[PDB]
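In the form deposited in one PDB entry, a lone chain appears below as structure tokens.
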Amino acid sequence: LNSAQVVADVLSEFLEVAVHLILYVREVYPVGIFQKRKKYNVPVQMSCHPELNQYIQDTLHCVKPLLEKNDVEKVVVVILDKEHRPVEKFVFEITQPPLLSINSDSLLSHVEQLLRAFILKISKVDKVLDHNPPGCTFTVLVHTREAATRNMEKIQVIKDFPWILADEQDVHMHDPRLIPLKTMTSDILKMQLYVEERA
């Protein structure tokens, strides 16, 4: 589909903005590399560190194809402690329609409004979430059907950025305290965002 390209693009920049902001609000990186920026008419924090920015973009460019052929279920930004085990998880459940309309009009400016709300919620999450333990790092998990990864092969080699199966310990969460943030729905995208904290 051609309208899938645009939903994969739009969704991709959103995820990048979200990731940059989640890294900010959860003190995963030194406050100083983050710069004030503005997307969806809202103030955000984008990083100015070369490699970090390239790491996040290389990650999203690999998801882009999975997003097109509606192969993404959950895109998760996981925060780990020195024990190298999950402390927090920002789950973005995703599902697009079986097919996308060829009557490509500006119902997208409607998506921007919906997206805008996720950004704002993420910006306040540090109010309902205690401070994480020092020295945490992040990773990105992506939930798909083992067969749709075929769409990823070519681009992994392109961006020279390989992926691999996740080990159930690398994902495992204790309990955990589910904290819902936002849930949107629409002609092209139904998305939900919630946080998983540990005890």
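Only residues modelled in both forms are compared. In this text, the rigid core denotes the largest set of C-alpha atoms whose superposition between the two forms falls within 1.5 Å. Note that residue numbering follows the sequence shown and begins at 1.
In what follows, reference is made to the form deposited in another entry, a form of this protein that is not presented.
A.B. asks: Given a rigid core superposition of the two forms, which one of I155, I33, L141, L52 has its CA shift by 2 angstroms or more between this form and the one not shown?
C.D. replies: Result of the superposition: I155 is the only one at 2 Å or more.
A.B. asks: Could you tell me whether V75 and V157 have their C-alpha atoms closer or farther apart in the other entry than in the shown form, knowing the shift is 3 angstroms or more?
C.D. replies: Between the C-alphas of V157 and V75, the gap narrows in the other entry (3 Å or more compared with this form).
A.B. asks: Have a look at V78 and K154: in the other entry, are their Cα atoms closer together or farther apart than in this form, given the change is 3 Å or more?
C.D. replies: Compared with the form shown here, the C-alpha atoms of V78 and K154 sit closer together in the other entry, by 3 Å or more.
A.B. asks: Taking the rigid core as fixed, pick out the runs of 3 or more consecutive residues whose CA atoms all shift by at least 2 Å between this form and the one not shown, and give them in sequence order.
C.D. replies: Moving stretch: 145 to 160 alone.
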